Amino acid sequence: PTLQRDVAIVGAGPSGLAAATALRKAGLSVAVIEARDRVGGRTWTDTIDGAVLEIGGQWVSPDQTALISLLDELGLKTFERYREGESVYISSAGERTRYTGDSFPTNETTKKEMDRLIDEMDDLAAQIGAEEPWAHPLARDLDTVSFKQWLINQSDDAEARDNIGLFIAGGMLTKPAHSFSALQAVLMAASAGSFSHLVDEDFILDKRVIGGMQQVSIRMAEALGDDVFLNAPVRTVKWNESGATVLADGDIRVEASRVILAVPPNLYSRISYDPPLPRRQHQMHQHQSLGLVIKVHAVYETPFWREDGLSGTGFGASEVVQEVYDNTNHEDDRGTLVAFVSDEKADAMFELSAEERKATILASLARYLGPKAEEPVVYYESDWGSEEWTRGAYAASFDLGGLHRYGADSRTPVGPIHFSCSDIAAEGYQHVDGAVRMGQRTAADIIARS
């Protein structure tokens, strides 16, 4: 079919859908063209071996006002992650300690080092901000040093550096600390409101959506009805100064005034542009890549850890699994754990057979929470790297030096072509909130000019 619309939107993840929703409200017509047999993108609720799991994005923090607002608008409610009882910390020396409170049970020297690093990052994030970190006078120096090297420059305490790395490298960017810059760490902190917010799992991992995060996209897509096209990978965008023609599998042709590419930036070159994008985009797009993390799901007859006075929370910068949390579904009697294996550790796990990887990861969960962790009734690994329409997790970031070199241009339209994803967002960077904010920002931009 061929259709005429004010705006053609490539991708029905939260960003593309939030944009379509905002455009429709202003009276513009849209078509949303989506590669997969479903909406939601990097958010996805699925049933594996009889257990319902959130395969992708799921958490809502208090700072995420755009997503919170949208949840309310869509009639969706939240619930909080279980956090009663003691957390587990595993030190660099391999000592496991149960604790409560807002600091790891390390010695006083390491605690003071970590406190000072957290304060310095808070200071930098407050000064530099998330909107245009590249514009700050400090940006060049921060962007040309790796976060690893910056931490070495700030502190001689290895355990403090590794823990501070846990929160940004493994915890957020899902790339090793030698591979992204200090400026990118500052961006990540600023985007969540402060570095302190990223340190506190009760903030950044505060809540989930009743019915699952994928319902945000599902409900937006439902309102759009026949303007959403599924199983329709976009192959070609033909464009000039006054419009664009979007071509997708299934003989879909959308003639529009503007186009939104609502896909992560590592996938821009999946599409042929006629004429080609300018050299700026050709070059900039190559310097964006997704991280890698394995989101591990383990389902048990009960949340057994709670019976032992544990919250289900565990941290260990030197473990294959560096974070574990209670991820029990709302009103579920069965317990579910969620755990993360990041970057180079994820590579190492994928080198093993499935059997051996599962055994290794469950051994790591057993180290945190005890031998019952090794007996799940359902076990699943989210494998976003294998998905051709994603290719990693959680989200994209520049290579080292790329943020200051290209950052100013990452949201700039090319003629009628706009870009919208969490991966180029300011506040909410890399998160559903960022996707929503970018969708809304892009819609407002298009509305104002039309």
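For every residue, the number given is its place in the sequence shown, counted from 1.
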property	result
Of 19 to 27 and 426 to 434, the one with larger mean CA B-factor	19 to 27
Of 180 to 188 and 208 to 216, the one with larger mean CA B-factor	208 to 216
Residue of maximum C-alpha B factor among 269, 283, 236, 106, per deposited coordinates	106
Deposited CA B-factor, highest of 326, 347, 226, 323	226
Residue 343 by Cα B-factor - lowest, middle or highest third of the modelled chain	lowest
CA B-factor ranking of residue 58, expressed as a third of its chain	middle
CA B-factor placement of residue 45, once the chain's modelled residues are sorted into thirds	middle
Position of residue 52 among the chain's modelled residues by C-alpha B-factor, lowest, middle or highest third	middle
Lowest, middle or highest third - CA B-factor, residue 161	middle
